[PDB]
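Taking the form deposited in one PDB entry, here's one chain by itself in structure tokens.
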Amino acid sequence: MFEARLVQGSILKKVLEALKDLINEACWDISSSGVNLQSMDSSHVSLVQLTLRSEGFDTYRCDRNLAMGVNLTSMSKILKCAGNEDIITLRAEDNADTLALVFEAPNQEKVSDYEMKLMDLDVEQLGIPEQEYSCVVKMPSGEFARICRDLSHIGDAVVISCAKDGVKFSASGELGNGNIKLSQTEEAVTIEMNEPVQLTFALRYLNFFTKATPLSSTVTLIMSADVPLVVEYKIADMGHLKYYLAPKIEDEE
């Protein structure tokens, strides 16, 4: 029997909003340490990893490890039925056909109970990338979302350049080009540059990642020459939601 009670149910609400536009189906890995989810988007240039530690929950019981195949569009629909202050309890039997979600209103005349059907998913084992930390940018999550939104008007790809304690985002298209330069100062921008890095990413996928913005005031960019970019959002006390993105490749000279 798996049962987990989360007092701030909005966390779960926001997590599904941040996943659903990116991936349809995913396998939720449940165990004694908590909830873990890993999946790629359909064209496999992008990976998502979610961690919710058992201690972040107000109640946590996991008798046996589960892998729940979940239609995320379905689960998103159910979670839109929970209010922002609701207490949410997940519950599942030992070889799970269905996942139960219970929503309790903050003052208690109202209780909702949903039964979500689980699906069958092919799981292909994914290497989570080795992390090199060549440059690390911590900044406000809104500002990062706004940068990505802005440069989408200019072009479809952003060049991220990290150099001696400044970072620059660049784009170009038929109307012209632009760039946004951030310098070092919950309003703080911090740039930590161990080796300079310059890479090109698809704005389409960065704009999906920023659907996670409501989970945190700050976002961390981890960029390295040799690895996918990491975009990370800390979730409360519980864990994180991390997005990995391969650099766009390049033309040949």
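Note that residue numbering follows the sequence shown and begins at 1.
Colleague: Counting only residues of the deposited sequence, how many between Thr185 and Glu186 have no atoms in the entry (none, 1 to 3, 4 to 9, 10 or more)?
Modeller: In the deposited sequence, 4 to 9 residues between these two have no coordinates.
Colleague: Look up the CA B-factors in the entry and say which stretch, 40-48 or 212-220, has the higher mean.
Modeller: Looking at the record's C-alpha B-factors, the answer is 40-48.
Colleague: Averaging C-alpha B-factors over each stretch, which comes out higher, 153-161 or 107-115?
Modeller: Here the higher of the two C-alpha B-factor means belongs to 107-115.
Colleague: Looking at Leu203, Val227, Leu199, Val70, which one carries the largest C-alpha B-factor according to the PDB entry?
Modeller: When the deposited C-alpha B-factors of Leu203, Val227, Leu199, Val70 are compared, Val227 is largest.
Colleague: Quick check on the deposited entry: does the C-alpha B-factor of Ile235 sit in the lowest, middle or highest third of its chain?
Modeller: CA B-factor rank for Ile235: middle third.
Colleague: Sorting the chain's CA B-factors, does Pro129 end up in the lowest, middle or highest third?
Modeller: CA B-factor rank for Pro129: highest third.
Colleague: Ordered by C-alpha B-factor within the chain, which third holds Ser141? Give me lowest, middle or highest, please.
Modeller: For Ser141, the deposited C-alpha B-factor lands in the lowest third.
Colleague: Within this chain's modelled residues, let me know which third the CA B factor of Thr59 belongs to: lowest, middle or highest.
Modeller: Middle third.
Colleague: Using the B-factors in the PDB entry, rank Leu121's C-alpha atom against the chain and give the third, lowest, middle or highest.
Modeller: For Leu121, the deposited C-alpha B-factor lands in the highest third.
Omitted here: the form deposited with a partner chain bound. The next part is about that form.
Colleague: Check, residue by residue, if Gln131, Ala202 and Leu245 all come within 4.5 Å of the partner chain in the entry with it bound, counting heavy atoms only.
Modeller: Yes, the whole trio is in contact, each within 4.5 Å by some heavy atom.
Colleague: Is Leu126 close enough to touch the partner chain in the entry with it bound, meaning at least one heavy atom pair within 4.5 Å?
Modeller: Residue-level check for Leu126: yes, a contact with the partner chain.
Colleague: Consider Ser46 of the chain shown here, and say whether it contacts the partner chain in the entry with it bound, taking contact as heavy atoms within 4.5 Å.
Modeller: Yes.
Colleague: Even though the partner chain is not shown here, does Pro228 get within 4.5 Å of it in the entry with it bound, heavy atoms only?
Modeller: Output for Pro228 is yes: heavy atoms within 4.5 Å of the partner chain.
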